[PDB]
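Down below is the structure, laid out as C-alpha cells.
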6 protein chains.
Amino acid sequence: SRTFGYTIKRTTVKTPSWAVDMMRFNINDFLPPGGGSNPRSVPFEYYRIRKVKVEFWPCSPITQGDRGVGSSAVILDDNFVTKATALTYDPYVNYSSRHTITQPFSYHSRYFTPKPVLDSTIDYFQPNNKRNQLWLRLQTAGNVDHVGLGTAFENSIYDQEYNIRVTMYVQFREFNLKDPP
Amino acid sequence: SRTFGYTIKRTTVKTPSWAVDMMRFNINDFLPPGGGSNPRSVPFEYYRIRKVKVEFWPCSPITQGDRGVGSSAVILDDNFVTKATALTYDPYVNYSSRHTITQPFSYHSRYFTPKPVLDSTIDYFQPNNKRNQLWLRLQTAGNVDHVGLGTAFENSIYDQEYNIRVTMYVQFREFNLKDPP
Amino acid sequence: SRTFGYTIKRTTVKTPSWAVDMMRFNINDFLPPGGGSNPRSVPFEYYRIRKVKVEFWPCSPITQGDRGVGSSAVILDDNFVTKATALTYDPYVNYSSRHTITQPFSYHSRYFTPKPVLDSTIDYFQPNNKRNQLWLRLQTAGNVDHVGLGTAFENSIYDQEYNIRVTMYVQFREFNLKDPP
Amino acid sequence: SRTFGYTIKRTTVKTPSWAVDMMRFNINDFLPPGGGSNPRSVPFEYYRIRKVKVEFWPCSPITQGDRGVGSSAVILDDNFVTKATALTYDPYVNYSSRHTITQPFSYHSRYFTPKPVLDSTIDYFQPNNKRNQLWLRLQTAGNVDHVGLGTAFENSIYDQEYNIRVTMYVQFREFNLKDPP
Amino acid sequence: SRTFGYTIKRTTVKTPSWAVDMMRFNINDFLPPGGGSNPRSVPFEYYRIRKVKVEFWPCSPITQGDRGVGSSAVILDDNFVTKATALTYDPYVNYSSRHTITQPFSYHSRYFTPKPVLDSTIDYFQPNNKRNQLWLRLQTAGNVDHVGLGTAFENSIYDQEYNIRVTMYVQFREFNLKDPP
Amino acid sequence: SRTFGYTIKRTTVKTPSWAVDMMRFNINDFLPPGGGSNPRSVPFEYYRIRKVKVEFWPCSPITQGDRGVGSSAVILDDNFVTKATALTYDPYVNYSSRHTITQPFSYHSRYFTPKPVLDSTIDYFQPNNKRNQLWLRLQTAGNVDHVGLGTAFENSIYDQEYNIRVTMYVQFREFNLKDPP
C-alpha cells in the first residue's frame, strides 16, 4: 500500500538489452510505529495473507515510443539473477506462468500469493492458495521479508519512470488490544 | 474492558439506607493515545455498538453477612437521582425491566445496549436492538459519554468493595490506515 | 502431568493491580532419564500432540474473599508481556477466545493445542486442530519448549497459592525398542 | 525379538538319529533394565500376548546336502523328552497339528500362542486364541517362563548352524508412567 | 540414480553380531555441474519428491552360505545409532513398518518417501504421502541432505559386497530456461 | 524465445513499395552449450513441436503516421521470393490463410506449426496439426532449420524498428540424464 520511484537509466547500446530489478516485500513498511502500550498501530495476535494484487502503473505518455516486450516471471523461492545495467538476454522469457510485459503506457498487472522466508540459506516456502498456509506473528522489528514479483523492463534511448503499487491484503484474527489507565 | 475501585462507605444508622452511585461509559478510556500518523490505536472511520455484557463482580467472602436486596433499574435517558450517602428509600425498586441485586458474594450481571447523548440539555437516544442504530465516528478528544447501568447497593455496618467490569463490544467497519515513510 | 507451586505475592497498593506470569511447556519434564540401550522411558520414533486439558486447580478456601476477575487469553505465537509484580492494567482483557478467570475457590480450566517453536527469533507455529500437524521426534536433551496458556491473576491483600495441573496428551506411533543381551 | 547361536554337533553314527532341543521363552530378555523411577523400559500395568510368529531362519547354503525331515510338534503343557545327542527315534512324529521340518536351506516357520506356567509341579495353561486369556503383570525379576516350540533337527555328518528368531507380540494396556522432578 | 561399493568387513567373533551403516541422500550427486547461464543441468524453479524405490541389489552367489536375518527399519527423523563394527544386538528389530532382511542372494527392497532436514539440531520433517508436502528449490551448492533407509546387515566369516541402488523420483514444475546469445 | 533488431531502411521513392524479409527458425539458438557429460542444457531423447505463437511486437509510437497494410502469408515449403529493398508489388497478397498486417503501433500476431526440412533440394514437410508428426532428435551442432512466417512490411519515409518475438513450444519426452562422479 505504498509507492516508490524506480527510474530505469537509459543506455546508448544499440542492441535491445534488458535491465532486471528487485522488489522485496516488507510488512513493517505498511505500518508506522505506535505508542504507549501498543507499539503496533494494528494489534493482532495472528494474521495471514491471501493474495497481493500487484500492478506496475506506468507514467510515460503514449507519444513516447521505444516500446518493447518482456516476461514477468513469478519468483518466490529466492533466486534472483545478478543485476546488470544492460543484460544481453531475458532469463525470465522461458516460464510456465509467464505474462507479456506491455510497455510503456500499456497497463500491466499480476496476481499471486507470497510466503515468508524461514532461513536465508535454505529458503523455504508454502504452496500457493492452500488451507495449509503457515500462520505468522506480529512484530515491528524482527520481521522477515517476503519475495515479490520478478520484473524485467527493456532498456531504451529515452528515460523511463514507473510508479509501482501493491495492495498487500491481510486477514487479521484474534485481536489483542490494551487499554491501560 | 477495565476495572476501578468503588468502595461503599459504611454507616452507623440502624435503618437499612441505600447509597446510589453513578457509572458513566467512555470509549476514550478503552484505548490509549497513538503516535505518528495514527493518533488512535484502532484506526477506523465508522463503528457501532451492539450490547455491553456488564457485570458487578463482588469481592467480599461468603462469611460476611449483612446481605440485602435491591433493583438495578436500567438508565439511558440521562436522569440520575441526587446522590446520597444514606438514602432512606429505593427509587429503582419500581421498574419494568428490573433485576434483583443479590449481594454480596452472590454474582449479579445485566445486559443492555447504550446509545450516545447528542445534547446535554435535551438528551436524545435511539431505540434498543434495532437496525436504525445511528452510527458514530472515531475521536480521541471530542468524544461523548454513554450512559451506564443504574446501581443501588444497600448500606451495612461492614465495609464493601466490588470489582465492576464491562465488556463494551464494538463492530468496526471501513478501516482507514496510514503507512507513511 | 506434573504440578508446581506458584504463589502470588500480595501487595499493599489499593488499586486492583494484576500480576502476569509465565508457563512454558516442556516434554522432557514429563519423563525421567532411562538406562542401558534406552535413554528414554517411552521409546518411539514419532509422536504428535492433539490437545492439553489444562486446569488451574485453586487451593484457597471459600471463606477467603478478595475475589476478582481476569481473562486467560491463549498464547502460542510467543509474545509475552513484560512481567510486573503489580500491573496497572489487564492486557489480556481484549481477546476473541477469552475466558473469565473466576477466583479463588471457583474452578477454571481451558483447552487448546500447542505447537513447537522452530526458531526463537522468527517463532513459527502450525494451525490449530488440523491434519497438517507437523510431526516431531523424541529427544531427551535437544528438545524445544512449547508455549502454554497466558495467565493473569489479580493481586490482593491476602496470599494466594494455586496448584496448576496439565495433562499433555500424546499419540505415539512407530515404536523403536531395543532388547540387547 | 532376539537371536542366539544353537549349533547342532555332528555325529559319526550311520543311522539317522535325531537331536531334540529346548527353547524356553522369557519376557525379561526382550527388555533391558531401566533407571530412576522406571526400572522397566516399557511401563504398563497390564499386558497380553496374542501370537508369536516363530521362525527358524537357516544359515547353511544350498550346496550342503544331508537333508532330512522331522516334525515340529507344539509343546505348552511342559513335558519335554530327555535330551539326547543322538536319539534313535522321533517322538514328535505322531501329532495332530504337526509340521514337516524342511532342512537345511528350506525355510520353515510356525504360529502358536504361548501361556504362562502357574506352578512348576502341576503346570497350568489357558486355551488357545480365546477371549478368556488370563492377564498378567509387569515384572523385571520375578517373571515366569513361557513354553516355546518343540524342535527336532536330524543329525548329519556336516555341521549345522541356524538363526532362530521369534517376534513375541504384546498388547499393552493401561499405561503407568512416572515423571518425577 | 547411482551406485557405490559398500563392503562389510568380516569378523572372527563367533556370536552373530550386526554391523549398522548409514546412507544419506543427496540431490547434488544426481546431477553434474552445468555451464554458461545454466549452472544446473536440469533448470527448474520448483520440484517435489514422491517416493524412492530403494533396493539393495546383492552381488554374492547362492553357493555362499552364512545366511542370517535382520530388520531394515525406516529412518527419517534423524537419529542413527552409534556405528559399531560388530554390534551385539539389533536395535531395528522392534518396529511397526519393519521388513525382513533376506541375505545374501535373496533380493530385498523397500519403498518410502524422504523429506528435507530443516535444522540439524531440531530436525523437522513433513508427513508421508500427503498433499501438504513442503516444496523446495534448486541449488547446486547450498543443498540439504535427505535421510535414507536404516540398513543392518549381519556379520559373517566370509566377505560381503552389495550394490545399493536408488531411483529418486522428481516432479519438476515451472521451468526456468536461459538462452543467451 | 529470443529477440533481435530488424530495422527496415526507409526509401525516397514515392510509390509505396514493399520490402520482403526472412525469418528462419533454429532450435540451437533457444539453448546454450552445456558442460561435462551433458553438452545440452535440456537433456531429452525425443521432442516434438505443436505450435509457435509468433508475434511482431512493434516499437514505434502512435503519433508516427505512414501507416500501410500487407499480408503475412504463411510459408513452410521453402520458396521465398528474391529479396528487394523496394518491391513494386506484394506477392503475399493473394493467399487463402492470409492476415492483414496492421502497422505500426497496431498489434499483429499469427499462429501456425513448423516442420523440419529433410533435404535442401526437395524440401519435404509434414501436415499441420496431426498425430503423424515425425519425431526428431536432440543435437547441438548438426541441427536443421525450420521455416518461419512470411513477413512483408511496407516501406515509408520515416524509419521503422520492430521487436520480433517467438515462443517455440516444445513437448519433450523420454529424458536421458547423466550423473557421473
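By order of appearance in the C-alpha cells: chains A, B, ..., then residues from 1 within every chain, and ligands from 1 in the order shown.
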Closest pair table for region 35-62 of chain E residues within 10 Å of region 89-112 of chain A, only C-alpha atoms, as a tab-separated table:
residue	atom	partner	partner_atom	distance
E:37	CA	A:91	CA	8.7
E:44	CA	A:95	CA	9.3
E:45	CA	A:95	CA	9.2
Exercise for review: Pick out the residues sitting within 9 Å of region 120-130 of chain D, and hand them over as a PyMOL selection string; count only C-alpha atoms, and ignore anything fewer than 6 positions along from it in its own chain.
Suggested key: chain D and resi 50-51+76-78+112-114
Review point. Could you list, as JSON, numbers by chain, every residue of chain A that has an atom within 8 Å of an atom of chain F, counting only C-alpha atoms?
Key: {"A": [15, 16, 62, 63, 64, 65, 66, 67, 68, 69, 89, 90, 93, 94]}
Check your understanding: So how far away is CA of residue 88 (chain C) from CA of residue 21 (chain C), in Å?
Key ->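 Taking CA of residue 21 (chain C) as the start and CA of residue 88 (chain C) as the end point, the length is 14.4 Å.
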Practice item. Using CA of residue 178 (chain E) and CA of residue 160 (chain F) as the two end points, give the distance in Å to one decimal. Key: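 The value is 28.6 Å.
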**Study point:** For residue 145 (chain D): contacts at 8 Å, only C-alpha atoms, fewer than 3 positions along chain excluded, given as a PyMOL selection string
**Key:** chain D and resi 24-27+116-117
Exercise for review: Mind giving me the straight-line distance from CA of residue 176 (chain B) to CA of residue 148 (chain B) in Å, one decimal?
Suggested key: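 Interatomic distance, CA of residue 176 (chain B) to CA of residue 148 (chain B): 29.3 Å.
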Exercise for review: Have a look at C:158, C:47, C:180, C:152 and name the one nearest to residue 87 (chain C); count only C-alpha atoms.
Suggested key: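 Nearest candidate to residue 87 (chain C) out of C:158, C:47, C:180, C:152: C:152.
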Check your understanding: Mind checking DSSP for chain C and telling me the strand (DSSP E) residues as a ChimeraX atom specification?
Key -> /C:3-8,18-20,33-35,38-40,46-48,55-58,70-71,100-101,152-154,160-165,171-173
